[PDB]
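**Student:** Can you keep this structure in mind? I'll have questions shortly.
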Amino acid sequence: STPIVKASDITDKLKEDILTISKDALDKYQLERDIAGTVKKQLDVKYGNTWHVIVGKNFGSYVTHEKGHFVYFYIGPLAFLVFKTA
Amino acid sequence: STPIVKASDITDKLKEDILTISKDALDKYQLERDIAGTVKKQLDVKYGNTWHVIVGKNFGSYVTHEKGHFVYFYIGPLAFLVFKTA
Amino acid sequence: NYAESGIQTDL
Amino acid sequence: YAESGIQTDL
């Protein structure tokens with residue numbers, strides 16, 4: 001249940017907040033899409049657009065992100081890819 | 001097998017090329033990250049930045065895309081999410 | 001112009 | 001901008 005960061009380009013503060021918002025999301029939604037949605041929407045509001053979120057157990061991805069705005073982590077069996085573009 | 005498009009906001013021409021590139025990727029690569037990376041990079045080159053690609057069997061996603069530049073499709077058991085941002 | 005998309009894989 | 005490729009463990 002303790003989040004495990006697998007890769008990142010991010011400040012500790014923003015990272016902690018993303019992890020916090022993500023754990024909270026898990027208490028509230030059963031579908032991966034909806035978990036991703038609430039995290040994405042919250043970050044857009046709190047930090048400005050444009051965020052993108054993928055939540056799942058099986059995927060590969062190649063994306064482009066604004067410097068300092070990328071984190072990839074697990075909570076339990078669930079992987080989270082969270083990043084920002086313009 | 002034959003790609004199955006499950007969501008789209010994209011022109012036929014661009015769609016067909018994404019599908020073709022994705023099918024070609026599957027003849028060469030099995031790892032989801034490899035498949036995603038080659039599609040993403042080819043689209044960046046051919047259609048301009050910035051593209052993002054997710055390939056997998058289990059994920060939920062919530063993203064923002066330029067209008068006319070979004071397609072989500074399966075080829076066999078693999079789901080492809082392909083989209084462009086600023 | 002830009003738009004939001006939410007998707008959930010079949011499995 | 002910077003690029004990131006990732007792959008889930010499972």
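Chain lettering (A, B, ...) mirrors the order of the structure tokens, residue numbering begins at 1 for each chain separately, and ligand numbering begins at 1 in order of display.
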Enumerate as a list in words the residues belonging to chain D that approach chain B to within 9 Å, with only C-alpha atoms taken into account.
**Tutor:**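 So the residues of chain D near chain B are residues 5, 6, 7 and 8 of chain D.
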**Student:** Show which residues sit within 6 Å of range 4-9 of chain C, as a PDB file with N, CA, C and O atoms, in the first residue's frame. Count only C-alpha atoms, and ignore same-chain residues fewer than 2 positions away.
**Tutor:**
ATOM      1  N   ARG A  33     -10.200   4.256 -14.880  1.00  0.00           N
ATOM      2  CA  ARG A  33     -10.449   5.504 -15.603  1.00  0.00           C
ATOM      3  C   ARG A  33     -10.886   6.637 -14.668  1.00  0.00           C
ATOM      4  O   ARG A  33     -10.459   7.786 -14.822  1.00  0.00           O
TER       5      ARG A  33
ATOM      6  N   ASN B  58      -4.664  -3.569 -19.753  1.00  0.00           N
ATOM      7  CA  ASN B  58      -5.422  -3.089 -18.612  1.00  0.00           C
ATOM      8  C   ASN B  58      -4.995  -1.719 -18.144  1.00  0.00           C
ATOM      9  O   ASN B  58      -3.988  -1.576 -17.447  1.00  0.00           O
ATOM     10  N   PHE B  59      -5.775  -0.715 -18.518  1.00  0.00           N
ATOM     11  CA  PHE B  59      -5.567   0.630 -17.992  1.00  0.00           C
ATOM     12  C   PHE B  59      -6.829   1.467 -18.134  1.00  0.00           C
ATOM     13  O   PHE B  59      -7.697   1.163 -18.946  1.00  0.00           O
ATOM     14  N   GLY B  60      -6.927   2.497 -17.301  1.00  0.00           N
ATOM     15  CA  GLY B  60      -7.894   3.555 -17.497  1.00  0.00           C
ATOM     16  C   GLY B  60      -7.114   4.834 -17.720  1.00  0.00           C
ATOM     17  O   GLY B  60      -6.032   5.013 -17.166  1.00  0.00           O
ATOM     18  N   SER B  61      -7.657   5.730 -18.527  1.00  0.00           N
ATOM     19  CA  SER B  61      -6.933   6.949 -18.834  1.00  0.00           C
ATOM     20  C   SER B  61      -7.842   8.162 -18.871  1.00  0.00           C
ATOM     21  O   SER B  61      -9.013   8.075 -19.226  1.00  0.00           O
ATOM     22  N   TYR B  62      -7.290   9.304 -18.495  1.00  0.00           N
ATOM     23  CA  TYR B  62      -8.005  10.546 -18.639  1.00  0.00           C
ATOM     24  C   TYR B  62      -6.998  11.594 -19.092  1.00  0.00           C
ATOM     25  O   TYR B  62      -6.059  11.927 -18.366  1.00  0.00           O
ATOM     26  N   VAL B  63      -7.183  12.080 -20.313  1.00  0.00           N
ATOM     27  CA  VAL B  63      -6.205  12.953 -20.936  1.00  0.00           C
ATOM     28  C   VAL B  63      -6.899  14.104 -21.658  1.00  0.00           C
ATOM     29  O   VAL B  63      -8.123  14.109 -21.823  1.00  0.00           O
ATOM     30  N   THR B  64      -6.108  15.081 -22.076  1.00  0.00           N
ATOM     31  CA  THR B  64      -6.615  16.156 -22.912  1.00  0.00           C
ATOM     32  C   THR B  64      -5.883  16.067 -24.242  1.00  0.00           C
ATOM     33  O   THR B  64      -4.676  15.852 -24.265  1.00  0.00           O
TER      34      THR B  64
ATOM     35  N   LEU C  11     -10.658  -5.097 -20.392  1.00  0.00           N
ATOM     36  CA  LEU C  11     -10.213  -5.974 -19.316  1.00  0.00           C
ATOM     37  C   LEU C  11      -9.408  -5.204 -18.277  1.00  0.00           C
ATOM     38  O   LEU C  11      -9.062  -5.745 -17.223  1.00  0.00           O
TER      39      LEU C  11
END
**Student:** Just want the 7 Å neighbourhood of residue 39 in chain B, counted on only C-alpha atoms, with same-chain residues fewer than 3 positions away dropped. Output as a list in words.
**Tutor:**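 Returned residues: residues 21, 22, 35, 36, 42 and 43 of chain B.
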**Student:** How many Å lie between CA of residue 19 in chain B and CA of residue 3 in chain B, rounded to one decimal?
**Tutor:**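 CA of residue 19 in chain B sits 7.2 Å away from CA of residue 3 in chain B.
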**Student:** Please report, as a PyMOL selection string, each residue of range 2-66 of chain B to which DSSP assigns strand (DSSP E or B) when run on this structure's backbone.
**Tutor:** chain B and resi 4-10+51-66
**Student:** Expressed in Å to a single decimal, how great is the separation between CA of residue 74 in chain A and CA of residue 75 in chain B?
**Tutor:**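 Computed distance, CA of residue 74 in chain A to CA of residue 75 in chain B, equals 26.6 Å.
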**Student:** Find the spatial neighbours of residue 49 in chain B, counting only C-alpha atoms, within a cut-off of 9 Å - ignore same-chain residues fewer than 6 positions away - and output them as a list in words.
**Tutor:**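 Answer for this query is residues 43, 84, 85 and 86 of chain B.
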**Student:** Let's have the selection written as a PDB file, in the first residue's frame, with N, CA, C and O atoms.
**Tutor:**
ATOM      1  N   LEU B  43       5.087   9.367 -35.276  1.00  0.00           N
ATOM      2  CA  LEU B  43       4.067  10.407 -35.397  1.00  0.00           C
ATOM      3  C   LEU B  43       4.637  11.807 -35.116  1.00  0.00           C
ATOM      4  O   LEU B  43       4.248  12.780 -35.756  1.00  0.00           O
ATOM      5  N   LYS B  84      -2.483  13.651 -29.483  1.00  0.00           N
ATOM      6  CA  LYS B  84      -1.558  14.758 -29.661  1.00  0.00           C
ATOM      7  C   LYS B  84      -1.903  15.899 -28.709  1.00  0.00           C
ATOM      8  O   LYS B  84      -3.084  16.176 -28.440  1.00  0.00           O
ATOM      9  N   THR B  85      -0.871  16.548 -28.185  1.00  0.00           N
ATOM     10  CA  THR B  85      -1.060  17.736 -27.371  1.00  0.00           C
ATOM     11  C   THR B  85      -0.172  18.851 -27.892  1.00  0.00           C
ATOM     12  O   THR B  85       0.700  18.624 -28.736  1.00  0.00           O
ATOM     13  N   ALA B  86      -0.385  20.054 -27.367  1.00  0.00           N
ATOM     14  CA  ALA B  86       0.552  21.152 -27.579  1.00  0.00           C
ATOM     15  C   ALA B  86       1.855  20.810 -26.882  1.00  0.00           C
ATOM     16  O   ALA B  86       2.917  21.375 -27.172  1.00  0.00           O
TER      17      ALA B  86
END
**Student:** What is the distance, in Å and to one decimal place, between CA of residue 5 in chain B and CA of residue 71 in chain B?
**Tutor:**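 Taking CA of residue 5 in chain B and CA of residue 71 in chain B, their separation equals 7.4 Å.
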